[PDB]
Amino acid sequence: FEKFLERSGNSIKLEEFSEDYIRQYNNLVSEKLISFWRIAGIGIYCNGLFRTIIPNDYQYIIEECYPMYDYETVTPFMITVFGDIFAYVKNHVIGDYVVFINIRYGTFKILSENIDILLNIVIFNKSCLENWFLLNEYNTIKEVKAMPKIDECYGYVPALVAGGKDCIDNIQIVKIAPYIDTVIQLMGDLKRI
């Protein structure tokens, strides 16, 4: 993950991961994701745009909006400044994948299981940031708004699902967990992108 470390502006690694903690995910996620945990830890990367989070702290809320077959497990590992969620899905029938859950628009997108390309290439590619993650307004929002801390995000008030307009005027720094919980209770099921 030399590329990830070189291309992330103003990285802050807030903490390393306990090894005993991440090794209970041995059979749930890829070796690649585990290596990324050891490198990235808990932190804020790419000039504040992405955060690596404690998976079990996001486990319940992803199972709340991401429907799964009984042979699937989902492990959250990264979020956007908006509270969008990246998670690794273990799937024993068709093989693994990553799901990008856009909390603003109520969609999920099936991404490749390959964490190496996602994190060294995809999140630095401007058109993926725009077309996959709808993150293109970030540099514009971040000149007018402070940086959310790792337990905060740019929330829309009101939420876009709740009829809010998508503009910088409706953005507030809110605590991420009750926000995401409220947005999900406002929306039906996630829609496939």
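Residue numbers run from 1 along the displayed sequence.
- On average the C-alpha atoms of 134 to 142 have higher B-factors than those of the other stretch, with 53 to 61 and 134 to 142 being the two compared.
- The deposited model assigns a higher average Cα B-factor to 164 to 172 than to the other stretch when 33 to 41 and 164 to 172 are compared.
- Per the PDB record, residue ranking by Cα B-factor puts residue 105 in the middle third of the chain.
- Per-chain ranking of the deposited C-alpha B factor places residue 159 in the highest third.
- Sorting the modelled residues of the chain by their CA temperature factor places residue 129 in the lowest third.
- In the PDB entry, residue 46 places in the middle third of its chain by CA B-factor.
- Among the modelled residues of its chain, residue 150 has a C-alpha B-factor that falls in the lowest third according to the deposited record.
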